[PDB]
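Since the structure comes first, as structure tokens, the remarks are kept for the end.
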Amino acid sequence: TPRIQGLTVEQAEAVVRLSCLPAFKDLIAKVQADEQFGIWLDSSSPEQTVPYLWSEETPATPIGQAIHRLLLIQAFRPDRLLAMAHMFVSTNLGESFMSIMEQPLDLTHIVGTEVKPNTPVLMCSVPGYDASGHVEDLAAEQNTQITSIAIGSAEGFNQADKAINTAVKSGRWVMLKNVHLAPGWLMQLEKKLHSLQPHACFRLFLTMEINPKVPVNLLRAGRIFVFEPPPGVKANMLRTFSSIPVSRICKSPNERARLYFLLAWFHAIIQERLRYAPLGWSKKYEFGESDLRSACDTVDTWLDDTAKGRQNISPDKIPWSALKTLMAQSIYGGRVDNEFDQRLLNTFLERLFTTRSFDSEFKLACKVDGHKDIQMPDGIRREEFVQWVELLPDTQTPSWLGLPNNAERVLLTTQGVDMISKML
């Protein structure tokens with residue numbers, strides 16, 4: 001592994017890792033002859049501007065050029081490997097091959113026609129996301145009665161059996177909540193379903209969170225439907241503001257809405273900071289909806305005790321140290337194991353939760369991309385806050401979190417080496 005100027009040791013190792021094939025015998029010579037090679041290495045999207053580095057004697061096919069680009073990128077810039085696998089499959093299978101999935105999933109016709117009656121609609125949902133909105137939208141759009149139930153008891157078992165016996169003849173779209181908590185009942189449902197003769201309009205939605213306790217034969221005979229919470233600080237804040245009711249945030253005093261906005265921003269920034277582990281947190285915790293609910297109850301009761309029904313209080317009147325200590329030691333620092341992670345949560349709360357965050361000068365996230373800054377909306381109402389989070393920029397660098405801007409890059413290169421291993 002030599003030290004090529006402009007190439008890292010890993011890049012030279014990957015050059016050796018591909019250099020057993022006659023397309024790139026003199027790839028070191030080609031790279032050292034390419035003057036704009038460093039500029040291309042610094043490019044934001046190098047896939048569309050791959051320089052001519054493959055050497056051959058014949059006019060190569062577009063698939064050959066695409067795989068030459070893939071070879072060179074795994075040599076040099078492995079971060080863009082997933083996006084150029086996207087355009088590589090676009091090269092040899094059409095650009096509209098995956099254009100349905102870089103697009104919100106059209107569930108309606110697919111579940112109405114492409115799903116067998118005897119194959120239940122496996123309603124997979126990652127924890128933290130609830131997909132009952134989709135089945136409610138479907139039920140509203142066909143305008144028929146739907147029995148959405150929660151399976152958590154023997155009475156729930158009996159009602160589920162009665163509803164299944166009704167729906168197997170009525171042809172109904174029936175959703176069964178949190179079925180992953182009863183693996184034995186799920187096994188019973190599957191082994192009955194394999195012998196069932198369902199209606200041509202009857203399908204079962206099995207809303208589950210990711211657990212390895214599910215029946216493998218149900219996964220055999222199931223129409224899997226995996227969703228995710230859409231990535232984005234904006235998406236997390238909109239989800240938080242959709243879950244939080246309007247009355248609770250509009251209730252007096254008028255700084256309660258600002259405190260809830262601070263809570264939503266903090267929860268969104270930590271939850272988005274989970275997905276860039278290990279640099280965000282040293283391990284993946286579960287900052288969930290119950291954690292947000294505990295935080296909301298804490299701030300609600302402490303602000304109620306402080307204000308005692310006052311329609312306005314001073315920015316210095318708010319128990320900032322009380323909320324800081326409750327967050328860091330009981331709400332979100334309880335699951336924190338390492339003291340380094342505890343200190344990190346403390347520094348988040350020191351920056352965010354303070355009395356200095358009620359003026360126009362303060363910034364929610366300093367040095368976004370080194371030059372831009374984000375400032376709080378000065379409105380005092382939930383409508384103004386939700387308008388500010390609607391009108392946020394679509395771009396979201398890791399400096400929004402506080403991670404350096406190359407956090408997305410290191411996540412991409414870890415995803416690329418995982419792509420290599422998973423396809424191996």
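Ordering of the structure tokens sets the chain letters (A, B, ...), residue numbers begin anew at 1 in every chain, and ligands are numbered from 1 in the order given.
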Would you tabulate, counting only C-alpha atoms, all residues of stretch 28-137 of chain A that have an atom at most 12 Å from an atom of stretch 156-177 of chain A, showing the closest pair of atoms and their distance in Å to one decimal, sorted by chain then ascending number, as JSON lines?
```
{"residue": "A:108", "atom": "CA", "partner": "A:173", "partner_atom": "CA", "distance": 11.9}
{"residue": "A:111", "atom": "CA", "partner": "A:173", "partner_atom": "CA", "distance": 10.2}
{"residue": "A:112", "atom": "CA", "partner": "A:173", "partner_atom": "CA", "distance": 10.0}
{"residue": "A:117", "atom": "CA", "partner": "A:171", "partner_atom": "CA", "distance": 9.3}
{"residue": "A:118", "atom": "CA", "partner": "A:168", "partner_atom": "CA", "distance": 10.1}
{"residue": "A:120", "atom": "CA", "partner": "A:174", "partner_atom": "CA", "distance": 10.1}
{"residue": "A:121", "atom": "CA", "partner": "A:175", "partner_atom": "CA", "distance": 9.3}
{"residue": "A:122", "atom": "CA", "partner": "A:175", "partner_atom": "CA", "distance": 10.1}
{"residue": "A:123", "atom": "CA", "partner": "A:175", "partner_atom": "CA", "distance": 8.6}
{"residue": "A:124", "atom": "CA", "partner": "A:177", "partner_atom": "CA", "distance": 11.0}
{"residue": "A:125", "atom": "CA", "partner": "A:177", "partner_atom": "CA", "distance": 11.0}
{"residue": "A:130", "atom": "CA", "partner": "A:177", "partner_atom": "CA", "distance": 10.0}
{"residue": "A:131", "atom": "CA", "partner": "A:177", "partner_atom": "CA", "distance": 10.2}
{"residue": "A:132", "atom": "CA", "partner": "A:175", "partner_atom": "CA", "distance": 8.1}
{"residue": "A:133", "atom": "CA", "partner": "A:175", "partner_atom": "CA", "distance": 11.1}
{"residue": "A:134", "atom": "CA", "partner": "A:175", "partner_atom": "CA", "distance": 10.6}
{"residue": "A:135", "atom": "CA", "partner": "A:175", "partner_atom": "CA", "distance": 7.5}
{"residue": "A:136", "atom": "CA", "partner": "A:175", "partner_atom": "CA", "distance": 9.3}
{"residue": "A:137", "atom": "CA", "partner": "A:173", "partner_atom": "CA", "distance": 11.6}
```
Go ahead and dump the residues you just picked, C-alpha atoms, as a compact mmCIF listing (two decimals), in the first residue's frame.
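Output below, filename out.txt:
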```
# COMPACT_ATOMS: atom_id res chain seq x y z
CA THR A 108 -54.22 1.91 -1.30
CA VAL A 111 -53.17 -3.45 -0.56
CA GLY A 112 -56.49 -3.62 -2.42
CA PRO A 117 -56.97 -12.56 1.10
CA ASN A 118 -55.33 -15.51 2.87
CA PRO A 120 -52.55 -10.99 6.06
CA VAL A 121 -51.28 -7.45 5.65
CA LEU A 122 -48.25 -7.53 7.96
CA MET A 123 -48.46 -3.99 9.32
CA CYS A 124 -44.86 -3.49 10.34
CA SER A 125 -43.97 -0.31 12.22
CA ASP A 130 -47.65 4.53 14.50
CA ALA A 131 -49.13 3.48 11.16
CA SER A 132 -52.78 3.44 12.26
CA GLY A 133 -53.28 6.69 10.34
CA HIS A 134 -52.88 4.78 7.07
CA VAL A 135 -55.54 2.19 7.90
CA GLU A 136 -57.84 4.93 9.24
CA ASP A 137 -57.39 6.85 5.97
```
Item to check | Spatial neighbours of residue A:6, max dist 12 Å, only C-alpha atoms, sep filter under 3 positions, as number ranges by chain | outcome: A: 2-3, 9-12, 28, 31-42, 76-77
Those residues you just picked out, can you put them in a file as a compact mmCIF listing (two decimals), in the first residue's frame with N, CA, C and O atoms?
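Output contents, as saved in selection.txt:
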```txt
# COMPACT_ATOMS: atom_id res chain seq x y z
N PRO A 2 1.10 1.88 -1.15
CA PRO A 2 1.90 3.11 -1.17
C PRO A 2 1.08 4.31 -0.73
O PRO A 2 -0.14 4.23 -0.54
N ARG A 3 1.77 5.43 -0.57
CA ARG A 3 1.15 6.69 -0.15
C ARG A 3 1.04 7.59 -1.38
O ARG A 3 1.97 8.34 -1.70
N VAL A 9 -4.67 6.30 2.91
CA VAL A 9 -4.15 4.94 3.01
C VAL A 9 -5.25 3.92 2.74
O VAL A 9 -5.02 2.89 2.10
N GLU A 10 -6.48 4.21 3.20
CA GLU A 10 -7.61 3.33 2.89
C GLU A 10 -7.92 3.36 1.40
O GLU A 10 -8.29 2.33 0.82
N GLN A 11 -7.79 4.52 0.77
CA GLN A 11 -8.03 4.63 -0.66
C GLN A 11 -6.99 3.85 -1.46
O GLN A 11 -7.33 3.18 -2.44
N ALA A 12 -5.73 3.92 -1.05
CA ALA A 12 -4.69 3.12 -1.70
C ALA A 12 -4.91 1.63 -1.46
O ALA A 12 -4.66 0.80 -2.35
N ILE A 28 -2.93 3.97 -10.74
CA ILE A 28 -2.09 4.93 -10.03
C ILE A 28 -1.56 5.98 -10.99
O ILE A 28 -1.57 7.18 -10.69
N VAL A 31 -4.49 8.29 -11.97
CA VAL A 31 -4.84 9.21 -10.90
C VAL A 31 -3.79 10.32 -10.78
O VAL A 31 -4.13 11.50 -10.67
N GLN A 32 -2.50 9.95 -10.82
CA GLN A 32 -1.46 10.96 -10.73
C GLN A 32 -1.36 11.82 -11.99
O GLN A 32 -0.75 12.89 -11.94
N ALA A 33 -1.93 11.37 -13.11
CA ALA A 33 -2.03 12.22 -14.28
C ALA A 33 -3.27 13.11 -14.25
O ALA A 33 -3.27 14.18 -14.86
N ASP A 34 -4.32 12.68 -13.54
CA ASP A 34 -5.53 13.50 -13.43
C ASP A 34 -5.26 14.70 -12.53
O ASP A 34 -5.08 14.55 -11.31
N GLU A 35 -5.21 15.89 -13.13
CA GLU A 35 -4.92 17.10 -12.37
C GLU A 35 -6.11 17.54 -11.52
O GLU A 35 -5.94 17.95 -10.37
N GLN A 36 -7.33 17.46 -12.07
CA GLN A 36 -8.54 17.83 -11.36
C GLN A 36 -9.05 16.71 -10.45
O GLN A 36 -10.21 16.77 -10.00
N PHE A 37 -8.20 15.72 -10.17
CA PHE A 37 -8.61 14.58 -9.37
C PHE A 37 -8.95 14.98 -7.94
O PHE A 37 -9.92 14.49 -7.36
N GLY A 38 -8.15 15.87 -7.35
CA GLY A 38 -8.46 16.35 -6.01
C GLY A 38 -9.74 17.16 -5.96
O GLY A 38 -10.50 17.08 -4.99
N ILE A 39 -10.00 17.94 -7.01
CA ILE A 39 -11.24 18.70 -7.10
C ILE A 39 -12.44 17.77 -7.18
O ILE A 39 -13.46 17.98 -6.51
N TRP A 40 -12.33 16.71 -7.99
CA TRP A 40 -13.39 15.71 -8.05
C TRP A 40 -13.54 14.97 -6.73
O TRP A 40 -14.66 14.61 -6.34
N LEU A 41 -12.43 14.73 -6.02
CA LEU A 41 -12.49 14.13 -4.70
C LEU A 41 -13.18 15.05 -3.70
O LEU A 41 -13.78 14.57 -2.73
N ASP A 42 -13.12 16.36 -3.92
CA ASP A 42 -13.79 17.33 -3.07
C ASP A 42 -15.21 17.63 -3.52
O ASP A 42 -15.89 18.43 -2.88
N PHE A 76 -12.08 5.33 -3.97
CA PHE A 76 -11.73 6.68 -3.54
C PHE A 76 -12.71 7.31 -2.56
O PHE A 76 -12.31 7.73 -1.47
N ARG A 77 -14.00 7.39 -2.89
CA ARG A 77 -14.97 8.14 -2.10
C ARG A 77 -16.15 7.24 -1.75
O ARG A 77 -17.23 7.36 -2.33
```
Next on the checklist: Can you pull out the residues contacting residue A:208? Cut-off 12 Å, using only C-alpha atoms, and skip same-chain residues under 2 positions away; I want them as a VMD selection string.
Outcome noted: chain A and resid 121 to 132 150 to 151 175 to 183 186 205 to 206 210 to 215 219 224 to 227
Next on the checklist: Which residues are close to residue A:101, i.e. within 12 Å by only C-alpha atoms, leaving aside same-chain residues fewer than 6 positions away? Reply as a PyMOL selection string.
Outcome noted: chain A and resi 86+95+107+227
Would you mind exporting the chosen residues as a CSV table (one decimal), in the first residue's frame, restricted to N, CA, C and O atoms?
```csv
chain,number,residue,atom,x,y,z
A,86,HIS,N,-28.0,3.5,-6.4
A,86,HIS,CA,-29.3,3.9,-6.9
A,86,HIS,C,-29.2,4.2,-8.4
A,86,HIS,O,-30.0,3.7,-9.2
A,95,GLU,N,-34.3,4.6,-15.0
A,95,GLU,CA,-34.3,5.5,-13.9
A,95,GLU,C,-35.6,5.5,-13.1
A,95,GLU,O,-35.7,6.1,-12.0
A,107,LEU,N,-50.2,3.1,-0.8
A,107,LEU,CA,-50.6,1.9,-0.2
A,107,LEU,C,-51.9,1.4,-0.7
A,107,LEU,O,-52.2,0.1,-0.6
A,227,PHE,N,-42.5,0.6,7.4
A,227,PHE,CA,-42.4,2.1,7.4
A,227,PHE,C,-41.3,2.5,8.4
A,227,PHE,O,-40.9,1.7,9.2
```
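Atom pair atom CA of residue A:373 / atom CA of residue A:271: separated by 21.0 Å.
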Next on the checklist: Could you go through stretch 161-393 of chain A and tell me which residues DSSP, when run on the backbone, assigns to alpha helix (DSSP H), listing them as a PyMOL selection string?
Outcome noted: chain A and resi 161-170+183-193+216-220+233-243+246-250+256-274+289-307+320-326+339-352+382-390
Item to check | Spatial neighbours of residue A:400, 10 Å, only C-alpha atoms, chain gap at least 6 places, as a ChimeraX atom specification | outcome: /A:233,269,272-273,364-369,373-374
At a cut-off of 9 Å, using only C-alpha atoms, what residues contact residue A:313? Leave out same-chain residues fewer than 6 positions from it and give the result as a tab-separated table (two decimals) with N, CA and C atoms, in the first residue's frame.
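Result file out-v3.tsv:
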```tsv
chain	number	residue	atom	x	y	z
A	253	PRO	N	-49.64	30.21	31.54
A	253	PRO	CA	-49.16	31.48	30.98
A	253	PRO	C	-48.69	31.41	29.53
A	254	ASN	N	-48.39	32.57	28.95
A	254	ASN	CA	-48.04	32.68	27.54
A	254	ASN	C	-46.64	32.20	27.23
A	255	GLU	N	-45.80	31.98	28.23
A	255	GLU	CA	-44.47	31.42	28.02
A	255	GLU	C	-44.46	29.90	28.04
A	306	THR	N	-44.98	27.38	39.72
A	306	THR	CA	-44.28	28.67	39.71
A	306	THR	C	-45.24	29.82	39.45
A	307	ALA	N	-46.07	29.71	38.41
A	307	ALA	CA	-46.91	30.83	38.01
A	307	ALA	C	-48.11	31.02	38.92
```
Item to check | Which residue of A:57, A:342, A:358, A:279 approaches residue A:317 most closely, using only C-alpha atoms | outcome: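 Closest residue, counting only C-alpha atoms: A:358.
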Next on the checklist: Can you tell me, as a list in words, which residues in stretch 205-333 of chain A count as strand (DSSP E) by DSSP?
Outcome noted: residues 205, 206, 223 and 224 of chain A
Could you save those same residues with C-alpha atoms as a compact mmCIF listing (two decimals), in the first residue's frame?
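Dumped to selection29.txt:
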```txt
# COMPACT_ATOMS: atom_id res chain seq x y z
CA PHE A 205 -53.44 -5.62 9.70
CA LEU A 206 -50.93 -6.89 12.27
CA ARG A 223 -47.30 -9.29 3.22
CA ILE A 224 -44.64 -7.24 4.98
```
Checklist entry - A:23, A:352, A:389, A:345: which is nearest residue A:236, counting only C-alpha atoms? => result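 Among A:23, A:352, A:389, A:345, it is A:389 that comes nearest to residue A:236.
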Item to check | residue A:289 environment, 9 Å, only C-alpha atoms, sequence neighbours closer than 3 positions dropped, as an MDAnalysis selection string | outcome: chainID A and resid 128 240 292:294
Can I get the selected residues back with N, CA and C atoms, as a PDB file, in the first residue's frame?
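Writing the result to result-v4.pdb gives the following:
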```pdb
ATOM      1  N   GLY A 128     -41.774   4.026  17.857  1.00  0.00           N
ATOM      2  CA  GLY A 128     -41.735   5.462  17.722  1.00  0.00           C
ATOM      3  C   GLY A 128     -42.626   6.003  16.624  1.00  0.00           C
ATOM      4  N   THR A 240     -43.991  15.963  17.020  1.00  0.00           N
ATOM      5  CA  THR A 240     -44.186  16.378  18.406  1.00  0.00           C
ATOM      6  C   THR A 240     -45.345  17.358  18.534  1.00  0.00           C
ATOM      7  N   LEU A 292     -40.972  11.838  26.281  1.00  0.00           N
ATOM      8  CA  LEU A 292     -41.514  13.164  25.992  1.00  0.00           C
ATOM      9  C   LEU A 292     -42.713  13.479  26.879  1.00  0.00           C
ATOM     10  N   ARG A 293     -43.565  12.486  27.141  1.00  0.00           N
ATOM     11  CA  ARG A 293     -44.731  12.706  27.994  1.00  0.00           C
ATOM     12  C   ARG A 293     -44.321  13.020  29.428  1.00  0.00           C
ATOM     13  N   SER A 294     -43.308  12.315  29.940  1.00  0.00           N
ATOM     14  CA  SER A 294     -42.781  12.612  31.269  1.00  0.00           C
ATOM     15  C   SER A 294     -42.187  14.012  31.325  1.00  0.00           C
TER      16      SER A 294
END
```
Item to check | A:371, A:202, A:66, A:410 ranked by distance to residue A:146, top pick (using only C-alpha atoms) | outcome: A:202
